[PDB]
$ cat final_35.cif   # mmCIF, C-alpha atoms
data_upload
loop_
_atom_site.label_atom_id
_atom_site.label_comp_id
_atom_site.auth_asym_id
_atom_site.auth_seq_id
_atom_site.Cartn_x
_atom_site.Cartn_y
_atom_site.Cartn_z
CA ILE X 1 0.00 0.00 0.00
CA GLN X 2 0.97 3.71 -1.04
CA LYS X 3 1.62 7.00 0.89
CA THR X 4 1.70 10.35 -0.98
CA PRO X 5 4.87 12.55 -0.96
CA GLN X 6 5.32 15.89 0.72
CA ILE X 7 7.70 18.11 -1.39
CA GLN X 8 9.73 21.12 -0.25
CA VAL X 9 11.93 23.32 -2.33
CA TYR X 10 14.39 25.70 -0.61
CA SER X 11 17.98 26.95 -0.48
CA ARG X 12 20.73 26.01 1.96
CA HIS X 13 21.68 29.67 2.41
CA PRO X 14 19.31 32.64 2.29
CA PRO X 15 19.38 33.55 -1.37
CA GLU X 16 21.24 36.37 -2.84
CA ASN X 17 21.62 37.29 -6.40
CA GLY X 18 24.93 36.42 -7.87
CA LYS X 19 26.02 34.47 -4.74
CA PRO X 20 26.67 30.74 -4.87
CA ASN X 21 24.28 28.43 -3.35
CA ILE X 22 22.76 24.96 -3.35
CA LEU X 23 19.16 24.17 -4.17
CA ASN X 24 17.37 21.68 -1.83
CA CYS X 25 14.41 19.40 -2.69
CA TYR X 26 13.14 17.62 0.23
CA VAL X 27 10.62 14.77 -0.52
CA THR X 28 8.82 13.15 2.35
CA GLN X 29 6.04 10.78 3.60
CA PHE X 30 6.04 8.40 0.76
CA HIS X 31 5.62 4.64 0.21
CA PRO X 32 6.66 2.42 -1.65
CA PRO X 33 10.32 3.53 -1.79
CA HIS X 34 10.71 4.03 -5.59
CA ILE X 35 10.57 7.71 -6.41
CA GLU X 36 11.87 9.87 -9.11
CA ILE X 37 13.23 13.35 -8.65
CA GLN X 38 14.09 16.03 -11.16
CA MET X 39 15.55 19.43 -10.48
CA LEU X 40 14.68 22.02 -13.20
CA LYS X 41 15.43 25.56 -14.34
CA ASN X 42 13.55 27.37 -17.03
CA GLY X 43 11.77 24.09 -17.76
CA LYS X 44 15.05 22.33 -18.54
CA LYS X 45 16.68 19.49 -16.48
CA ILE X 46 19.56 20.54 -14.19
CA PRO X 47 22.23 17.91 -15.39
CA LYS X 48 24.14 16.99 -12.15
CA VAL X 49 21.92 16.28 -9.12
CA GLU X 50 23.01 14.58 -5.89
CA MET X 51 20.70 12.45 -3.92
CA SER X 52 20.90 11.50 -0.28
CA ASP X 53 19.64 8.51 1.73
CA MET X 54 17.00 6.03 1.19
CA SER X 55 16.24 6.30 4.71
CA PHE X 56 13.07 6.43 6.70
CA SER X 57 11.67 7.38 10.05
CA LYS X 58 9.58 6.36 13.12
CA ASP X 59 6.27 6.15 11.10
CA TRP X 60 8.21 4.09 8.55
CA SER X 61 7.80 6.60 5.75
CA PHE X 62 10.68 7.34 3.52
CA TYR X 63 12.47 10.63 2.76
CA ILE X 64 15.01 11.98 0.41
CA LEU X 65 17.03 15.10 -0.08
CA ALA X 66 18.17 16.04 -3.58
CA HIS X 67 20.47 19.05 -4.15
CA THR X 68 22.32 20.98 -6.80
CA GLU X 69 24.63 23.91 -6.93
CA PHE X 70 22.85 26.99 -8.25
CA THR X 71 23.32 30.71 -8.64
CA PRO X 72 20.09 32.38 -7.70
CA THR X 73 18.53 35.04 -9.93
CA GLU X 74 15.50 37.09 -10.65
CA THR X 75 15.65 35.85 -14.25
CA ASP X 76 14.87 32.21 -13.95
CA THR X 77 12.52 29.64 -12.55
CA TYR X 78 13.82 26.76 -10.47
CA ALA X 79 11.61 23.67 -9.79
CA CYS X 80 11.47 20.17 -8.46
CA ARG X 81 9.53 17.57 -10.43
CA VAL X 82 8.72 14.54 -8.19
CA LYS X 83 7.25 11.22 -9.49
CA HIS X 84 6.02 8.52 -7.19
CA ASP X 85 3.39 5.83 -7.98
CA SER X 86 0.89 7.52 -5.63
CA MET X 87 0.00 10.09 -8.20
CA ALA X 88 -1.27 9.86 -11.75
CA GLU X 89 0.82 12.78 -12.83
CA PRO X 90 4.06 14.27 -11.62
CA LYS X 91 4.14 17.07 -9.18
CA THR X 92 6.24 20.18 -9.52
CA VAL X 93 6.95 22.58 -6.84
CA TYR X 94 8.47 25.96 -7.54
CA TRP X 95 11.25 27.65 -5.80
CA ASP X 96 10.13 30.71 -4.00
CA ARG X 97 12.74 32.75 -2.26
CA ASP X 98 10.44 33.85 0.44
CA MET X 99 9.92 30.50 1.94
CA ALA P 1 28.54 -1.91 14.27
CA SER P 2 25.72 -3.89 12.58
CA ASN P 3 23.45 -6.43 14.14
CA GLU P 4 22.89 -9.80 12.66
CA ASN P 5 19.55 -11.54 12.41
CA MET P 6 19.01 -15.08 13.51
CA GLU P 7 15.77 -16.80 12.92
CA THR P 8 13.78 -15.79 9.91
CA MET P 9 10.30 -14.45 9.84
CA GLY M 1 24.47 14.80 26.06
CA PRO M 2 22.06 11.97 25.23
CA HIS M 3 22.98 9.74 22.26
CA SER M 4 21.73 7.09 19.83
CA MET M 5 22.93 4.72 17.15
CA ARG M 6 20.69 3.51 14.33
CA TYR M 7 20.48 1.02 11.65
CA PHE M 8 17.85 1.59 9.01
CA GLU M 9 17.31 -1.55 6.98
CA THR M 10 15.07 -2.02 3.96
CA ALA M 11 14.49 -4.85 1.53
CA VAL M 12 12.42 -4.27 -1.58
CA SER M 13 10.97 -6.39 -4.19
CA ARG M 14 9.89 -5.29 -7.48
CA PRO M 15 9.05 -7.93 -10.05
CA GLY M 16 11.15 -9.48 -12.88
CA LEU M 17 14.30 -9.69 -10.68
CA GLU M 18 14.44 -12.54 -8.15
CA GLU M 19 16.80 -10.65 -5.96
CA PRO M 20 15.44 -7.63 -4.01
CA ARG M 21 17.22 -4.39 -3.13
CA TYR M 22 18.80 -4.24 0.30
CA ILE M 23 20.03 -1.12 2.00
CA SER M 24 21.40 -0.65 5.47
CA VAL M 25 22.14 2.83 6.63
CA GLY M 26 23.90 3.80 9.89
CA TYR M 27 23.45 6.88 12.08
CA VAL M 28 25.19 8.06 15.28
CA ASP M 29 23.44 10.88 16.93
CA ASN M 30 21.10 12.18 14.11
CA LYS M 31 24.03 11.80 11.49
CA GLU M 32 24.56 9.03 9.01
CA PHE M 33 27.85 7.16 9.19
CA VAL M 34 27.81 3.98 7.07
CA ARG M 35 25.90 2.57 4.14
CA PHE M 36 25.28 -0.57 2.11
CA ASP M 37 23.25 -1.08 -1.06
CA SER M 38 22.89 -4.46 -2.73
CA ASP M 39 22.33 -2.85 -6.02
CA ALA M 40 25.81 -1.51 -6.25
CA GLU M 41 28.50 -2.72 -8.64
CA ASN M 42 30.69 -3.57 -5.67
CA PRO M 43 28.36 -3.95 -2.81
CA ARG M 44 30.56 -3.03 0.17
CA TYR M 45 29.88 -1.03 3.36
CA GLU M 46 31.25 2.55 3.15
CA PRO M 47 32.24 5.39 5.38
CA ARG M 48 29.97 8.46 5.23
CA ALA M 49 31.48 10.62 7.89
CA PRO M 50 35.03 11.92 7.99
CA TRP M 51 35.70 10.44 11.45
CA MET M 52 34.69 7.05 10.08
CA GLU M 53 37.36 6.97 7.41
CA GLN M 54 39.58 6.29 10.47
CA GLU M 55 38.68 2.46 10.63
CA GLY M 56 40.83 0.34 8.27
CA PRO M 57 40.02 -2.92 6.52
CA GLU M 58 39.16 -5.55 9.08
CA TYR M 59 36.20 -3.45 10.25
CA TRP M 60 35.21 -2.71 6.67
CA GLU M 61 34.56 -6.26 5.98
CA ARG M 62 33.42 -7.55 9.26
CA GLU M 63 30.41 -5.41 8.31
CA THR M 64 30.19 -6.30 4.70
CA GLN M 65 30.32 -9.92 5.90
CA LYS M 66 27.17 -9.19 7.91
CA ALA M 67 25.44 -7.28 5.16
CA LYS M 68 25.56 -10.24 2.85
CA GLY M 69 24.04 -12.38 5.59
CA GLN M 70 21.13 -10.03 6.25
CA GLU M 71 20.71 -9.83 2.55
CA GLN M 72 19.95 -13.46 2.53
CA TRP M 73 17.78 -13.15 5.59
CA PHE M 74 15.64 -10.51 3.99
CA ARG M 75 15.22 -12.39 0.80
CA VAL M 76 14.01 -15.33 2.84
CA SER M 77 11.74 -13.46 5.13
CA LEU M 78 10.08 -11.50 2.42
CA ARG M 79 8.96 -14.72 0.84
CA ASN M 80 7.76 -16.15 4.14
CA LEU M 81 5.59 -13.06 4.73
CA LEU M 82 4.23 -13.56 1.41
CA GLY M 83 2.60 -16.73 2.62
CA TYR M 84 1.27 -15.36 5.87
CA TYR M 85 -0.79 -12.80 3.98
CA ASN M 86 -1.80 -14.73 0.97
CA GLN M 87 -0.16 -12.34 -1.40
CA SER M 88 0.56 -14.13 -4.60
CA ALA M 89 3.87 -13.71 -6.27
CA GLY M 90 3.74 -10.63 -8.60
CA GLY M 91 3.99 -7.19 -6.92
CA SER M 92 6.13 -4.74 -4.94
CA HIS M 93 6.78 -5.68 -1.27
CA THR M 94 8.72 -3.91 1.49
CA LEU M 95 10.26 -5.03 4.70
CA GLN M 96 12.09 -2.71 7.02
CA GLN M 97 13.76 -2.91 10.29
CA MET M 98 15.08 -0.57 12.71
CA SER M 99 17.44 -1.37 15.51
CA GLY M 100 19.56 0.72 17.81
CA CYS M 101 20.13 1.98 21.31
CA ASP M 102 19.97 5.08 23.40
CA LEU M 103 22.07 6.26 26.18
CA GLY M 104 21.63 8.99 28.72
CA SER M 105 23.98 11.88 29.54
CA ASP M 106 25.94 9.64 31.79
CA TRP M 107 26.95 7.42 28.88
CA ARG M 108 24.65 4.63 30.07
CA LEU M 109 21.98 2.77 28.17
CA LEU M 110 18.35 3.94 28.36
CA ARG M 111 16.69 2.01 25.60
CA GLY M 112 17.09 -0.60 22.95
CA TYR M 113 14.99 -0.92 19.77
CA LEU M 114 14.28 -3.65 17.39
CA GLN M 115 11.25 -3.41 15.36
CA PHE M 116 9.97 -4.36 11.97
CA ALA M 117 7.27 -3.18 9.72
CA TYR M 118 5.82 -4.90 6.76
CA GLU M 119 4.39 -2.87 3.89
CA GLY M 120 4.96 0.31 5.94
CA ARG M 121 2.90 -0.97 8.82
CA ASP M 122 4.21 -2.20 12.16
CA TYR M 123 4.74 -5.99 11.95
CA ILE M 124 6.45 -7.21 15.12
CA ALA M 125 8.66 -5.41 17.70
CA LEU M 126 10.72 -5.72 20.82
CA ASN M 127 9.64 -4.55 24.17
CA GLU M 128 11.32 -2.10 26.49
CA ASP M 129 12.18 -5.27 28.50
CA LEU M 130 14.23 -6.92 25.70
CA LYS M 131 12.71 -10.21 26.76
CA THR M 132 9.24 -10.21 25.09
CA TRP M 133 7.65 -9.20 21.75
CA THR M 134 4.53 -7.27 20.71
CA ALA M 135 2.87 -8.70 17.57
CA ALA M 136 0.75 -6.21 15.62
CA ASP M 137 -1.56 -8.34 13.59
CA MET M 138 -2.51 -12.00 13.40
CA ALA M 139 0.19 -12.97 10.87
CA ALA M 140 2.68 -11.33 13.04
CA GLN M 141 1.95 -14.04 15.61
CA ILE M 142 3.38 -16.77 13.54
CA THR M 143 6.73 -15.05 13.75
CA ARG M 144 6.21 -14.35 17.39
CA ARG M 145 5.53 -17.90 18.46
CA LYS M 146 8.28 -18.96 16.11
CA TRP M 147 10.73 -16.56 17.73
CA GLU M 148 9.88 -17.15 21.31
CA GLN M 149 10.74 -20.68 20.62
CA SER M 150 14.12 -20.13 19.09
CA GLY M 151 15.15 -17.72 21.83
CA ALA M 152 15.69 -14.97 19.29
CA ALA M 153 15.30 -12.21 21.82
CA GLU M 154 18.33 -13.02 23.90
CA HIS M 155 20.59 -12.50 21.00
CA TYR M 156 18.95 -9.23 20.35
CA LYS M 157 19.24 -8.11 23.90
CA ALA M 158 22.87 -9.06 23.80
CA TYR M 159 23.55 -6.95 20.81
CA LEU M 160 21.67 -4.12 22.42
CA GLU M 161 23.03 -4.13 26.01
CA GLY M 162 26.56 -5.00 24.96
CA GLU M 163 28.04 -4.62 21.47
CA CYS M 164 25.73 -1.58 20.78
CA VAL M 165 26.81 0.34 23.86
CA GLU M 166 30.47 -0.67 23.81
CA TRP M 167 30.56 0.36 20.18
CA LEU M 168 28.77 3.63 20.42
CA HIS M 169 31.04 4.82 23.14
CA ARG M 170 33.91 4.55 20.75
CA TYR M 171 32.01 6.35 18.09
CA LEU M 172 31.53 9.06 20.47
CA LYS M 173 35.29 9.13 21.20
CA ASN M 174 36.29 9.67 17.54
CA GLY M 175 32.98 11.37 17.29
CA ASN M 176 34.05 14.84 17.83
CA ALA M 177 34.28 15.79 14.21
CA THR M 178 30.61 16.90 14.52
CA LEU M 179 28.87 14.65 17.14
CA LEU M 180 29.20 16.49 20.46
CA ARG M 181 28.65 19.93 18.90
CA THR M 182 25.52 22.04 19.15
CA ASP M 183 25.02 24.43 16.32
CA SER M 184 22.79 27.22 17.72
CA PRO M 185 19.83 28.74 15.75
CA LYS M 186 20.34 31.84 13.71
CA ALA M 187 17.01 33.55 13.77
CA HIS M 188 15.61 36.66 12.02
CA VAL M 189 12.20 37.97 10.68
CA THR M 190 11.32 38.54 7.03
CA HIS M 191 8.27 40.69 5.90
CA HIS M 192 6.83 40.73 2.36
CA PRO M 193 3.47 42.68 2.50
CA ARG M 194 1.02 44.14 -0.07
CA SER M 195 -2.79 44.35 0.55
CA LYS M 196 -4.47 46.34 3.33
CA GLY M 197 -4.61 44.28 6.56
CA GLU M 198 -1.74 42.20 5.10
CA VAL M 199 1.97 42.18 5.99
CA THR M 200 2.72 38.49 6.66
CA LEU M 201 5.54 38.33 9.26
CA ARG M 202 8.17 35.54 9.04
CA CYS M 203 10.31 34.22 11.84
CA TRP M 204 13.04 32.00 10.54
CA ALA M 205 15.62 30.04 12.32
CA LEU M 206 18.62 28.56 10.70
CA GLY M 207 21.76 26.53 11.04
CA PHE M 208 20.77 24.61 14.30
CA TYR M 209 21.49 21.07 15.47
CA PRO M 210 19.66 19.01 16.63
CA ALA M 211 16.43 19.48 14.57
CA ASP M 212 14.40 19.90 17.65
CA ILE M 213 13.17 23.39 17.65
CA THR M 214 9.97 25.24 18.52
CA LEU M 215 9.34 28.69 17.04
CA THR M 216 6.45 30.57 18.69
CA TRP M 217 4.64 33.73 17.67
CA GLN M 218 3.03 35.63 20.54
CA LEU M 219 0.76 38.57 21.20
CA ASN M 220 2.21 39.82 24.58
CA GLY M 221 2.56 36.25 25.79
CA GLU M 222 -0.62 34.68 24.56
CA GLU M 223 0.70 32.22 21.97
CA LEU M 224 -0.32 33.34 18.47
CA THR M 225 -1.28 29.83 17.29
CA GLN M 226 -3.99 31.12 14.87
CA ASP M 227 -3.13 30.47 11.23
CA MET M 228 0.42 30.01 12.23
CA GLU M 229 2.05 28.73 9.09
CA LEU M 230 4.42 26.11 10.50
CA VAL M 231 6.81 24.47 8.07
CA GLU M 232 8.20 20.99 8.59
CA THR M 233 11.75 21.07 10.09
CA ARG M 234 13.91 20.59 6.99
CA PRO M 235 17.53 19.84 6.44
CA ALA M 236 20.08 22.33 4.99
CA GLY M 237 22.26 19.61 3.33
CA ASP M 238 25.00 20.53 5.76
CA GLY M 239 24.62 18.98 9.16
CA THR M 240 22.01 21.63 10.21
CA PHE M 241 18.18 22.30 9.92
CA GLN M 242 15.83 25.14 9.01
CA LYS M 243 12.43 26.24 9.84
CA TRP M 244 10.08 29.15 9.77
CA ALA M 245 6.74 30.21 10.95
CA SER M 246 4.42 32.81 9.60
CA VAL M 247 1.49 34.61 11.16
CA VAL M 248 -0.81 37.11 9.46
CA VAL M 249 -0.95 40.65 10.64
CA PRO M 250 -2.64 43.94 10.41
CA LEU M 251 -0.02 46.01 8.84
CA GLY M 252 1.64 48.51 11.25
CA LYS M 253 0.97 46.36 14.41
CA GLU M 254 4.44 44.89 14.12
CA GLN M 255 5.96 45.78 17.47
CA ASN M 256 4.15 43.46 19.92
CA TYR M 257 4.16 40.53 17.61
CA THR M 258 6.99 38.36 18.76
CA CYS M 259 8.15 34.78 18.03
CA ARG M 260 10.18 33.24 20.81
CA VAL M 261 12.70 30.56 19.75
CA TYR M 262 13.71 27.42 21.68
CA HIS M 263 16.63 25.11 21.50
CA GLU M 264 19.02 22.97 23.58
CA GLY M 265 21.99 24.92 22.23
CA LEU M 266 20.87 28.31 23.18
CA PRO M 267 21.34 30.41 26.30
CA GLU M 268 17.65 31.33 26.69
CA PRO M 269 14.68 31.54 24.25
CA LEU M 270 15.39 33.94 21.44
CA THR M 271 12.72 36.59 21.49
CA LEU M 272 11.97 38.23 18.08
#
$ encode --input "final_35.cif" --output "C-alpha cells"
Amino acid sequence: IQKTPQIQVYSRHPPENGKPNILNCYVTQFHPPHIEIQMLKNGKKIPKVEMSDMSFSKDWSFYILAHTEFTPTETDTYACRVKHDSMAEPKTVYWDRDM
Amino acid sequence: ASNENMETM
Amino acid sequence: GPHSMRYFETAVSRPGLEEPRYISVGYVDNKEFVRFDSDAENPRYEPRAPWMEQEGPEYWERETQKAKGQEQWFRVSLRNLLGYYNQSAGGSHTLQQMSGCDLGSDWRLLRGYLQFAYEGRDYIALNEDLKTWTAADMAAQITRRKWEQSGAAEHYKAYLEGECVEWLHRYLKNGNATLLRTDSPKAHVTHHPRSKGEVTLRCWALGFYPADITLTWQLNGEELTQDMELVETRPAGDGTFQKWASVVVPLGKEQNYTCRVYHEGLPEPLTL
C-alpha cells in the first residue's frame, strides 16, 4: 500500500543574487520507496543532481534530499519535479525565495 | 557496528 | 548529552528480478555514518562521515560480511511473509527494520529498539524489556511464536546491552568531528506585504542542530497559534536544519508581535 509525498523546495543559504548556493528538494512521507526526482530551471533538467539517503523514520515513511549547486537570480525559474506511484501525474513545486 | 539476524520471519 | 545509534534496513521487491534491493544505513546521533546497497556494482559497506574513514580494513569487511548475511535473511523473510498474507507472487513488497540503542547523559543505556514493519505498517517489535515481543496483527503471531521458541530475543538483547553500547562509546570518542557539537539557531524575521490588513511576518531560524526546535509567535505572551504557518523542520544539506513560521498581521501592528525561539543549544529563548 501507497503514501503520498510531501515536497519542499528551498535553499541552503538565504538567497542572494549572484552568490553561490545549493538548491534543496526535500521529498517526504512516501511509500513504496521508488521515487523519481528532477531538479529544473527554465523548464530544462539541471544535469548533475546529488541524492541522499534512502532512509526512513519512526512512522516508517521514507524521505530523500536532492540538491544541486545553483546561482540564484531574478531571471529564472527553479523547480522540483517529483514522481512517485501515488500520483497519476508528476508534481512540480516551484522555488520561492520567500519561503 | 551492525546487528545480525538469527531466525527468519 | 544523550545519544543514539541507528540502523535503518530495507528490503524491496519489485518484479522481474528474483533478488530484491537491500540497503542498510547507519546513524550516530542524528548523522549518518555507514551505508550498504545491494544494487551496487561492488556492494561493500562505506564510510559516510570523515571520522569514520579512520577504521581500516578488518572493520570494513566484518560489516560487509554481515550485510551479505542479512541480505539473505531478507530475501528469505520476504517470501515467508508472502505466505502469511496470501499475497501471490507478482507485486512490490517492502520489509524494514530498525534497531539501535539510546544512552543517557551519563553514557549509560536507556533504551534498545528492534522493530519491523511490513508494507509500511508495524509488523512485530521488541519490548522495552528486551525479553518479550509485541505482535501487531494476526500474521505477526506466527513469527512471534516462532521466535519465542528459538530464543531470538536473547541475542537481540545481547547486541543491544553490549556490542551496541560498547561500540557507540567509541564512536563518540572519535565522534568529535561533529557529534558532540551544538550548532545554535540563527534567527531573524522577514516581511513581504502588499494588501491592506496584510503584511505576513516571518520568523526564521537557521543553522541549528539538533532538529528539535519550537518557534512561537506571541501577542504579549498569549501564543499566536492562529493560522500560524508552520513548516516541517527541513535539512540544509549541511549537518544543520531550518524552519520558519508565519502569522498574518494587520499592517503597522508589528511591534508586539513576537516569536520566541527554543533550543538545547541556546542560552535562553530567542525573542523576536
$ residues_around --input "final_35.cif" --residues "region 28-31 of chain X" --least-positions-apart "2" --cutoff "10 Å" --atoms "all atoms listed in the file" --output "list in words"
residues 1, 2, 3, 4, 5, 6, 7, 8, 25, 26, 33, 34, 35, 56, 57, 59, 60, 61, 62, 63, 64, 65, 84, 85 and 86 of chain X; 94, 119 and 120 of chain M
$ closest_residue --input "final_35.cif" --among "M:185, M:50, M:265, M:69" --to "chain P" --atoms "only C-alpha atoms"
M:69
$ resolve_selection --input "final_35.cif" --expression "the PyMOL selection byres ((chain M and resi 190) around 7)" --output "PyMOL selection string"
chain M and resi 188-189+191-192+201-203
$ atom_distance --input "final_35.cif" --atom1 "CA of residue 76 (chain M)" --atom2 "CA of residue 32 (chain X)"
19.7 Å
$ resolve_selection --input "final_35.cif" --expression "the PyMOL selection byres ((chain M) within 10 of (chain X))" --output "JSON, numbers by chain"
{"M": [7, 8, 9, 10, 11, 12, 14, 23, 24, 25, 26, 32, 35, 37, 92, 93, 94, 96, 97, 98, 116, 117, 118, 119, 120, 121, 122, 190, 191, 192, 202, 204, 206, 207, 231, 232, 234, 235, 236, 237, 238, 240, 241, 242, 243, 244, 245, 246]}
$ atom_distance --input "final_35.cif" --atom1 "CA of residue 72 (chain M)" --atom2 "CA of residue 52 (chain M)"
26.4 Å
$ resolve_selection --input "final_35.cif" --expression "the PyMOL selection byres ((chain M) within 7 of (chain P))" --output "list in words"
residues 63, 66, 70, 73, 77, 80, 143, 147, 152, 159 and 167 of chain M
$ residues_around --input "final_35.cif" --residues "residue 255 (chain M)" --least-positions-apart "6" --cutoff "12 Å" --atoms "all atoms listed in the file" --output "list in words"
residues 201, 218, 219, 220, 249 and 272 of chain M
$ write_last_selection --input "final_35.cif" --atoms "C-alpha atoms" --output "short mmCIF file (atom, residue, chain, number, x, y, z; two decimals), keeping the file's coordinate frame"
data_model
loop_
_atom_site.label_atom_id
_atom_site.label_comp_id
_atom_site.auth_asym_id
_atom_site.auth_seq_id
_atom_site.Cartn_x
_atom_site.Cartn_y
_atom_site.Cartn_z
CA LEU M 201 5.54 38.33 9.26
CA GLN M 218 3.03 35.63 20.54
CA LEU M 219 0.76 38.57 21.20
CA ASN M 220 2.21 39.82 24.58
CA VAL M 249 -0.95 40.65 10.64
CA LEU M 272 11.97 38.23 18.08
#
$ atom_distance --input "final_35.cif" --atom1 "CA of residue 84 (chain M)" --atom2 "CA of residue 135 (chain M)"
13.6 Å
$ residues_around --input "final_35.cif" --residues "region 89-96 of chain X" --least-positions-apart "5" --cutoff "6 Å" --atoms "only C-alpha atoms" --output "PyMOL selection string"
chain X and resi 9+78-83
$ axis_aligned_box --input "final_35.cif" --around "chain P" --padding-each-side "6 Å" --output "AutoDock Vina command-line options"
--center_x 19.4 --center_y -9.4 --center_z 12.1 --size_x 30.2 --size_y 26.9 --size_z 16.4
